[PDB]
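Student: sharing an experimental structure here, sequence included.
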Amino acid sequence: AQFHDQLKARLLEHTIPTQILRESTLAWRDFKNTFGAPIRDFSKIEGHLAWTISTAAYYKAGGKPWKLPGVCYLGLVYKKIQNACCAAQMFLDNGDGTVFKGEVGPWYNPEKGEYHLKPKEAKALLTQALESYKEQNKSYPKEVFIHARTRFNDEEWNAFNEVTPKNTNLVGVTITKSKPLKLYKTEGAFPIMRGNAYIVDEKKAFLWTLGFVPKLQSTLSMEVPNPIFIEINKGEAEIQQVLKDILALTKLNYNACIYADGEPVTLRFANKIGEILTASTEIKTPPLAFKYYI
Amino acid sequence: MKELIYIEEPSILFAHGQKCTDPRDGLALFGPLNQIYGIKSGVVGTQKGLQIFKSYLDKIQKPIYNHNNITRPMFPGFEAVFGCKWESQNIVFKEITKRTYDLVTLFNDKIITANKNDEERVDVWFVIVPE
Amino acid sequence: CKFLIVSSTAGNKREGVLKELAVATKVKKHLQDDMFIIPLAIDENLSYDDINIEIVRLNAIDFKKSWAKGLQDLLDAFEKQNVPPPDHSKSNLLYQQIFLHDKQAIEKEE
Amino acid sequence: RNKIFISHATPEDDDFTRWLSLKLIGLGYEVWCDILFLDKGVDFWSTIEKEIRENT
DNA sequence: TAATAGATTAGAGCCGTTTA
Ligand SMILES: [Mg+2]
């Protein structure tokens, strides 16, 4: 179970991009179920398959396939080991480049199930993101966007707003999946098109990051879509702009060449880097770039 | 009865300043932003895995068609999309011949031997795991 | 100026493409320019034999391997043959006019 | 008549012929190579003959 | 310490490739 993550973690100290491909993946005709079709039937997706691998390769070889100001998107995720908080970051350069580095150096919360970040660790994480923004864009961010698969406590939020500098607004968002609102469509046989959202409240809403797409004339998700519940529990912001930002974050999946993923890419990337990091022993100042984990 | 608003889909940029919503079509039409000259691929695995990777990398140059070309766009071919060479005959191959720990360690130490000791440069190592 | 004919196993013997090709041959004789019809061989199964009678005479472009190499062959031939400021924004605004017209988020209430 | 012609096997023997051709143009001599100068979308054999017996 | 709930949350696996 733990080959891939441990291998990447043991490769981290010497920064070398690596892509792991299964032998049953590249030549999937050979490996049959011994009674019929191959174990991995990829005929309908082969070309798209040849897309993603290629894109992944082109990402790990130092290429930027596609890009997306003054806003730092800092999506953090907790990992159960003691707990480890690890984040993924993105900004926008002065030269219109979209820096999509990570936020690594996981912060250890000793409580077994408290998916909350300790005050000192929260200060360290937020100030690390701030210094990354300063060294990247030569000035402090106008806005930092923190979002996670969890709600946020109070005392930690005091730590965030006390470590942050002036002229810096922080908004905390929680994205949760499989919230039981499986909205269908009355007229047709095809589900609600992706891009539609139900505003439950001024701070909470539902978003359909996945579903029917006009351009593809098909659904990103089979059966019925599972909308993501987006709750602005802490911080101040308007629901439309945050919803736009979440839909934009659902575009930067460099791990695959797919139209869009059902969850924001920032959380998924932070989660993957966290899985790789906690797979093996502790390493100081890890690479922090996703070509080494993803 | 509650309204369902629509958020305009964000445009992911591509080469020549042109924007599109689907990454596949945007890549196959305009291409990626920065041009690497080529991918010096590295491979770690058995000889049969090398044959599989080489055949697949040869197929990548050709175009592969999805069964539903209008739902998921097809692959033009690697050089067609990215404009960088990833041929299969210029690969740096390293043959191999608690169980998770030593299974990882084989690839770890072979890859470290190749990156450190060997002269040939590798942009990214394609570990072709067995099955 | 030029007449590129795709040389797949289906696009080399169909009635319509043959009609366009024959008119291309006659207009080629009209301008007496030998660099008019260019076959683009894109079919792996279709060999350089079994190809059409009019187009077997002509120097094809190898698209069968590495479609980008064939495309580069196309540009270098076009520059060599003096075929007449590139702006990809034209194709950017043209791609969704024709290819994405039944496929868009139109304004309708559901 | 002022040209130099190089005939060769087309699939296998390309590297030497291309190298020799490019060296020859570098020296100033005119060359006609079927993998360098034979233009796409022409009658390849007809142009080969015309070059053999017109400018060679 | 055990239990009964809701609310969050996290991990793992598993099949299909998105109706033309
Ligand atoms: Mg991947």
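Tutor: Done, it's in. Numbers count the residues shown, from 1 in each chain, chains lettered A, B, ... in the order given.

Student: from chain B, which residue is nearest to chain D?
Tutor: Closest to chain D within chain B is residue B:89: 14.5 Å, counting by Cβ to the nearest Cβ. (C-beta placed from N, C-alpha, C; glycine too.)

Student: now residue A:280. Nearest residue, chain neighbours left out?
Tutor: In space, residue A:280 comes closest to residue A:9 once its chain neighbours are excluded; the distance is 3.6 Å by Cβ to Cβ, 6 or more residues apart in numbering or on different chains.

Student: list the residues that contact that neighbour.
Tutor: Neighbour list for residue A:9: A:276, A:277, A:279, A:280, A:281, A:283 [criterion: Cβ atoms under 8 Å, 6 or more residues apart in numbering or on different chains].

Student: so how do I select the buried members of those residues in PyMOL?
Tutor: If you want just the buried ones from these in PyMOL, going by 16 or more other Cβ atoms under 10 Å in any protein chain shown, the selection is:
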select buried, chain A and resi 276+277+279+280
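
Student: same list, the contacts of residue A:9, but as TSV with secondary structure please.
Tutor: TSV is the format used below for these (DSSP: H, G, I helix; E, B strand; the rest coil):
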residue	secondary structure
A:276	helix
A:277	helix
A:279	helix
A:280	coil
A:281	coil
A:283	coil
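
Student: touching chain B at all, stretch D:8-19?
Tutor: No: figure legend: stretch D:8-19 not in contact with chain B (Cβ under 8 Å from any Cβ of the partner chain); closest approach 14.5 Å.

Student: which residue, other than its chain neighbours, is closest to the residue of chain C found nearest chain B?
Tutor: Per Cβ to the nearest Cβ, residue C:68 is where chain C lies closest to chain B, at 3.5 Å. Distances taken as Cβ to Cβ, 6+ apart place residue B:79 nearest to residue C:68, at 3.5 Å, with adjacent residues excluded.

Student: so is the longest helix anywhere in chain B next to chain A?
Tutor: Here the longest helix in chain B is taken by residue count, with DSSP state H as the criterion, and it is helix B:99-116. Yes: using Cβ under 8 Å from any Cβ, helix B:99-116 reaches chain A at B:100, B:101, B:103, B:104, B:105, B:107, B:108, B:111, B:112, B:115, B:116.

Student: ok, so of these, who is nearest residue B:46?
Tutor: Taking Cβ to Cβ as the measure, residue B:46 sits nearest to residue B:107 out of the residues of helix B:99-116 next to chain A, at 11.7 Å.

Student: list the buried ones in stretch A:179-190?
Tutor: In stretch A:179-190, counting by 16+ other Cβ under 10 Å, buried: residue A:183.

Student: and the residue of chain B closest to chain C?
Tutor: Closest point on chain B to chain C, by Cβ to the nearest Cβ, is residue B:79, at 3.5 Å.

Student: wait, that residue touches residue B:60, no?
Tutor: No: with contact defined as Cβ atoms under 8 Å, residue B:79 does not reach residue B:60; the gap is 9.1 Å.

Student: spit out the residues that contact the two alike.
Tutor: residue B:86.

Student: what residues does chain B have near chain C?
Tutor: For chain B, the residues in contact with chain C (Cβ under 8 Å from any Cβ) are B:6, B:9, B:15-20, B:25, B:29-30, B:61-63, B:76-77, B:79-80, B:83.

Student: what strands line up against whatever helix or strand residue A:175 lives in, and which way round?
Tutor: Residue A:175 belongs to strand A:169-176 when elements are defined using DSSP states H and E. When pairs are called by DSSP bridges, strand A:169-176 turns out to pair with strand A:143-148 (parallel), strand A:228-235 (antiparallel).

Student: for chain B, which segments are assigned as helices?
Tutor: Under the criterion DSSP H, chain B carries helices at the ranges B:23-29, B:47-61, B:78-82, B:99-116.

Student: which of these sits closest to residue C:5?
Tutor: Of all the helices of chain B, the one in closest proximity to residue C:5, counting by Cβ to Cβ, is helix B:78-82 (20.1 Å).

Student: so how far is the closest one off the chain centroid?
Tutor: Helix B:78-82 sits 11 Å away from the centroid of its parent chain (Cα atoms, centre = their mean, to the nearest Å).

Student: on that earlier part again, so for residue B:79 and residue B:60, which sits in the more crowded spot?
Tutor: residue B:60 (24 against 20; other Cβ atoms under 10 Å in any protein chain shown).

Student: I'd guessed residue B:54 sits against residue B:90; true?
Tutor: No: using Cβ under 8 Å, residue B:54 makes no contact with residue B:90, being 10.9 Å away.

Student: those two - which one has more neighbours?
Tutor: It is residue B:54, of residue B:54 and residue B:90, that has more neighbours when counted by other Cβ under 10 Å, with 17 against 12.

Student: check contacts around that one.
Tutor: Remark: with contacts taken as Cβ under 8 Å, 6+ apart, residue B:54 is in contact with B:88, B:89, B:91.

Student: give me the buried subset of the residues you listed.
Tutor: Among those, those classed as buried by neighbour count (16+ other Cβ under 10 Å) are B:88, B:91.

Student: between the contacts of residue B:54, which sits nearest residue A:163?
Tutor: For those, the residue nearest residue A:163 by Cβ to Cβ is residue B:91; the value is 47.8 Å.

Student: beta partners for the spatially closest residue to that closest one that is not a sequence neighbour?
Tutor: For residue B:91, the nearest residue in space outside its immediate sequence neighbours is residue B:41; the separation is 4.8 Å by Cβ to Cβ, 6+ apart. In this structure, residue B:41 has beta-bridge partners residue B:124, where bridges are defined by DSSP bridges.

Student: give me the number of residues near residue B:41?
Tutor: Using other Cβ under 10 Å, residue B:41 is surrounded by 22 other residues.

Student: repeat for the one 5 residues further on
Tutor: Other residues within reach of residue B:46, judged by other Cβ under 10 Å, total 15.

Student: could you do residue A:1 as well?
Tutor: 6.

Student: now it. Nearest residue, chain neighbours left out?
Tutor: Spatial nearest neighbour of residue A:1, excluding adjacent residues (Cβ to Cβ, 6+ apart): residue B:100 at 7.7 Å.

Student: now residue C:36
Tutor: In space, and not counting its chain neighbours, residue C:36 is closest to residue C:28: 3.9 Å by Cβ to Cβ, 6+ apart.

Student: residues in contact with the one you found?
Tutor: The contact partners of residue C:28, by Cβ under 8 Å, 6+ apart, come to C:3, C:34, C:36, C:37.

Student: same question for residue A:184.
Tutor: With contacts defined as Cβ under 8 Å, 6+ apart, residue A:184 is in contact with A:191, A:192, A:224.

Student: what sits against the last one?
Tutor: Just to be clear, that refers to residue A:224. If a contact means Cβ under 8 Å, 6+ apart, then residue A:224 has A:182, A:183, A:184, A:191 as its contacts.

Student: now do stretch D:15-34: everything it contacts.
Tutor: Defining contact as Cβ under 8 Å, 6+ apart, one finds that stretch D:15-34 is touched by D:2-8, D:10, D:35-38, D:44, D:48, D:51, D:55-56.

Student: report the buried members of the residues you listed.
Tutor: Members of the contacts of stretch D:15-34 classed as buried by 16+ other Cβ under 10 Å are D:6, D:37, D:38, D:44, D:48, D:51.

Student: report the contact partners of the third one.
Tutor: Read it as residue D:38. Residue D:38 makes contacts with C:59, D:32, D:44, D:47, D:48, as judged by Cβ under 8 Å, 6+ apart.

Student: having no further points to raise, I will conclude here.
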